[PDB]
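Visitor: Reading the sequence shown from the start, the letters are residues 1187 to 1231, 1236 to 1244 in the authors' numbering. Using N, Cα and C, we set each Cβ at its ideal position, and we do this for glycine too.
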Amino acid sequence: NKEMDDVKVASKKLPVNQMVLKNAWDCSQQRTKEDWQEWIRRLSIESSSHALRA
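As structure tokens, then:
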């Protein structure tokens, strides 16, 4: 075998509407836990993205 990999940019794009989703989480909840949780899992979207998918 030989050579290499990585490649591996890897980050960003944007959560713009997911930012919207964050503030959305903020609006209701009213037992905020679910809101913040979801919003966080979203916020995740390199690694950590996949991480929050736990």
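1) Excluding the five sequence neighbours on either side, which residues of its own chain have a C-beta within less than 7 Å of the C-beta of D1212, listed in chain order?
2) Once DSSP output is grouped into helix, strand and coil, what is the label at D1221?
3) Answer yes or no: does any C-beta atom of chain C fall closer than 8 Å to that of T1218?
4) Confirm, please, whether the CB-CB distance from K1208 to residue 1136 is below 8 Å.
Guide: Taking the coordinates as given:
1) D1221
2) helix
3) The structure shown contains no chain C; it is built from a single protein chain.
4) Coverage of the chain is limited to positions 1187 through 1244, which leaves residue 1136 absent and any answer about it impossible.
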